[PDB]
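In: model this:
(one chain, ligands or ions: 1)
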Amino acid sequence: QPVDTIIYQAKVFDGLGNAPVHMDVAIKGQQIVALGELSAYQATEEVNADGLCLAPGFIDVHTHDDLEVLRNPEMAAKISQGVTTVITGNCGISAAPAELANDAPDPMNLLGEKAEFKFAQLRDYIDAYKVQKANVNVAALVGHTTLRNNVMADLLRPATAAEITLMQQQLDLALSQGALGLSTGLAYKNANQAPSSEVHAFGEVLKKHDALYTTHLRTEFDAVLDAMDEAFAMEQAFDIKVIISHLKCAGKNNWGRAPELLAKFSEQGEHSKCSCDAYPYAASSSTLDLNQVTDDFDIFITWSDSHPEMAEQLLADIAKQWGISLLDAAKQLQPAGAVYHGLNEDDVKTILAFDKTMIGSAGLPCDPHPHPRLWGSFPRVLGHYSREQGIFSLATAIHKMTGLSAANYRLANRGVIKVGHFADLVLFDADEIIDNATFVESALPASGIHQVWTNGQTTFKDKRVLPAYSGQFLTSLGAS
Ligand SMILES: [Zn+2]
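Out: Numbers count the residues shown, from 1 in each chain. Now the structure:
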């Protein structure tokens, strides 16, 4: 008869892109149990949401939070944005299944330090998550580069057919233990010599488990359209779900080409199910890479192990202080992290507006001065691009971080405000929600989020991140 909580009089967005409905929402246990006008229900707690909006909890489909959720189960960077679920294991790197010999090969340092990789099997990682759980749900992909490192000591080559056989078996076991699918990061030096046929060797395993394929493209610069062909070939050959990560046309050469990327989806063939995600910024962030050094746009160093006095400075200013070229300064700064202001804002708007595009933060949790997407992506979409810029409605914006993402990743009973679905929810003020993180002050929490529930338990309330630790590990459904 009774319920734990009723949220009264909010503008409720279902997560499916439909117009909001003014109504009340009842939570009991982990579940949404009633929707409508509910003053006839007995609730332990009552939340007055008059003038506020209620949406499904946001799903961050592009994270490198594999080890961050173990180090930092409160997950304030995500929870303070309204994110209740993270997809881990992106761009070819995952915490599991991974056995390291001497070091963690690049880019696995984006996840954590080599000693943190303690999960020879995915089941080991799930056990570790279940020790404390976390404020976010976790669903995990397996990284192709991580699989390569398990069986190859020299990564600067194709894997042998025998090494491919081992990787197929390791993925098959990870999928059976609960992984969602496989990710690749083919632009990175330690995967770039994998030919398309090496990636294709995983297709039968993925198809057998009805699993996902996600990809950081082999290049996102001049030849990005060719790189997209590679991703479509997985869909064509195996009829599996493919997601292109952080879609962009990078480089001054390619500013204005976003329509070409949208039109490229017409080349998929018989199946038309490829999706993509993007973060809402015109600046990327990664290790300082000599191939990306240019004078075409600002490049900011975020950290440098060689010259920590140069952290948070513009590469052009560093070069001038040092009396050498941008490229020579970059060589001396390595290893380092950078933010590259190399995207065009109109391209970003077009990619965000594309109806296939989900919102993903691509936040780098080990960065000591992170790109502000780590703390602002989702309220930036709702407050900057929807309310202020008007490029889409609030219903559309919410859909692209909730119901669209749960559907594309097959997240059962999430992403939608519907009776019987999990009570992952965000209460916010539609007129005040906004990102506050800037490139200079990159960890400022967003405004406008009043309360967050993860599986029916409050993980954020009135600026407090709360250790409910009610997240669950979301094991894959496998085949029929
Ligand atoms: Zn990536």
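
In: do stretch 175-191 and the ion meet?
Out: No: shown here: stretch 175-191 not in contact with the ion (CB under 5 Å from the ion), separated by at least 5.6 Å. No exception for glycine: its C-beta is placed from N, CA and C like everyone else's.

In: pull that stretch out as PDB, backbone CA atoms only.
Out: Extracted as PDB, the C-alpha positions of stretch 175-191 are listed here (Å, rounded to 0.1, in the frame of the first residue of the first chain):
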ATOM      1  CA  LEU A 175      30.900 -11.400 -22.600                       C
ATOM      2  CA  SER A 176      29.600 -14.500 -20.800                       C
ATOM      3  CA  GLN A 177      30.700 -12.900 -17.400                       C
ATOM      4  CA  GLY A 178      28.600  -9.800 -18.200                       C
ATOM      5  CA  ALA A 179      30.500  -7.400 -20.500                       C
ATOM      6  CA  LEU A 180      28.400  -5.400 -23.000                       C
ATOM      7  CA  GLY A 181      30.600  -5.700 -26.000                       C
ATOM      8  CA  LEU A 182      34.000  -4.700 -27.500                       C
ATOM      9  CA  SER A 183      35.500  -1.200 -28.000                       C
ATOM     10  CA  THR A 184      38.400  -0.300 -30.200                       C
ATOM     11  CA  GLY A 185      40.700   2.700 -30.300                       C
ATOM     12  CA  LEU A 186      42.300   2.400 -33.700                       C
ATOM     13  CA  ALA A 187      44.000   5.800 -33.800                       C
ATOM     14  CA  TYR A 188      46.300   4.900 -30.800                       C
ATOM     15  CA  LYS A 189      49.800   3.700 -31.600                       C
ATOM     16  CA  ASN A 190      49.300   0.400 -29.700                       C
ATOM     17  CA  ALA A 191      46.300  -0.600 -31.800                       C
END
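
In: so for it, what gets flagged as buried?
Out: 175, 177-188, 190-191 (16 or more other CB atoms under 10 Å).

In: strands - which of those residues land there?
Out: 181, 182, 183, 184, 185 (DSSP state E).

In: any chance of JSON lines for those, columns distance to residue 388?
Out: Shown next, in JSON lines, are these (distance: CB to CB, whole Å):
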{"residue": "181", "distance to residue 388": "35"}
{"residue": "182", "distance to residue 388": "38"}
{"residue": "183", "distance to residue 388": "33"}
{"residue": "184", "distance to residue 388": "36"}
{"residue": "185", "distance to residue 388": "33"}
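
In: give me the secondary structure label for the residue in the stretch 301-450 of the chain that the ion sits nearest to.
Out: Residue nearest to the ion within the stretch 301-450 of the chain: residue 362 (6.7 Å; CB to the ion). The local conformation at residue 362, judged by DSSP: H, G, I helix; E, B strand; the rest coil, is coil.

In: and residue 263, how many neighbours does it have?
Out: Neighbour count of residue 263, defined by other CB atoms under 10 Å: 10.

In: can we start the residue count at 18 from this point?
Out: Sure, I'll start numbering at 18, so the last one becomes residue 280.

In: what's the first helix or strand after the helix or strand containing it?
Out: Residue 280 belongs to helix 275-281 when elements are defined using DSSP states H and E. Remark: after helix 275-281, the chain's next helix or strand is strand 292-295, criterion DSSP H and E.

In: what number of residues lie near residue 130?
Out: 12.

In: for the residue nearest to it when sequence neighbours are not counted, list the residues it contacts.
Out: The shortest distance from residue 130 to any non-neighbouring residue, by CB to CB, 6 or more residues apart in numbering, is to residue 121 (7.5 Å). Contact analysis of residue 121 by CB atoms under 8 Å, 6 or more residues apart in numbering lists 128, 130, 131, 134, 166.

In: and with 10 Å instead?
Out: 110, 115, 127, 128, 129, 130, 131, 132, 133, 134, 163, 166 (CB atoms under 10 Å, 6 or more residues apart in numbering).

In: residue ranges of the strands in the stretch 218-367 of the chain, please?
Out: Along the stretch 218-367 of the chain, counting by DSSP state E, counting those that start in this stretch, strands occupy 229-233, 259-261, 292-295, 301-304, 316-321, 353-357.

In: how about these in JSON lines, adding distance to the ion and mean neighbour count?
Out: Compiled in JSON lines, those are given as follows (distance: least, CB to the ion, whole Å; neighbours: other CB atoms under 10 Å):
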{"stretch": "strand 229-233", "distance to the ion": "3", "mean neighbour count": "26"}
{"stretch": "strand 259-261", "distance to the ion": "10", "mean neighbour count": "26"}
{"stretch": "strand 292-295", "distance to the ion": "10", "mean neighbour count": "26"}
{"stretch": "strand 301-304", "distance to the ion": "8", "mean neighbour count": "21"}
{"stretch": "strand 316-321", "distance to the ion": "17", "mean neighbour count": "22"}
{"stretch": "strand 353-357", "distance to the ion": "13", "mean neighbour count": "23"}
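
In: adding distance to residue 147, write these out as a markdown table.
Out: Below are the strands of the stretch 218-367 of the chain laid out as a markdown table (distance: least, CB to CB, whole Å):
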| stretch | distance to residue 147 |
| --- | --- |
| strand 229-233 | 23 |
| strand 259-261 | 27 |
| strand 292-295 | 27 |
| strand 301-304 | 31 |
| strand 316-321 | 32 |
| strand 353-357 | 32 |
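
In: of these, which approaches residue 23 most closely?
Out: strand 292-295 (33.8 Å; CB to CB).

In: what packs against that closest one?
Out: strand 229-233, strand 259-261, helix 362-370, strand 374-376, helix 420-426 (3 or more CB pairs under 10 Å, 6 or more residues apart in numbering; DSSP states H and E).

In: go again using 8 Å as the cut-off
Out: With contacts taken as 3 or more CB pairs under 8 Å, 6 or more residues apart in numbering; DSSP states H and E, strand 292-295 sits against strand 259-261, helix 362-370, strand 374-376.

In: could you identify which of those is most buried?
Out: Neighbour counts (mean count of other CB atoms under 10 Å) averaged over each of those peak at strand 259-261, with a mean of 26.

In: sheet-wise, list the partners of it with their directions.
Out: strand 229-233 (parallel), strand 292-295 (parallel) (DSSP bridges).

In: and those as TSV, adding distance to residue 320?
Out: Shown next, in TSV, are the strands paired with strand 259-261 (distance: least, CB to CB, whole Å):
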stretch	distance to residue 320
strand 229-233	21
strand 292-295	25
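
In: residue 190: neighbour count?
Out: Residue 190 has 16 nearby residues by other CB under 10 Å.

In: any idea how far it lies from the ion?
Out: 25 Å (CB to the ion, to the nearest Å).

In: same check, this time on residue 314
Out: Distance, residue 314 to the ion, using CB to the ion: 20 Å.

In: so that residue makes contact with residue 357?
Out: Yes: at 7.1 Å, residue 314 counts as touching residue 357 under the criterion of CB atoms under 8 Å.

In: sorry, back to before: relative to residue 141, which of the buried residues of stretch 192-208 is nearest.
Out: Looking across these and measuring by CB to CB, the closest to residue 141 is residue 194, at 9.2 Å.
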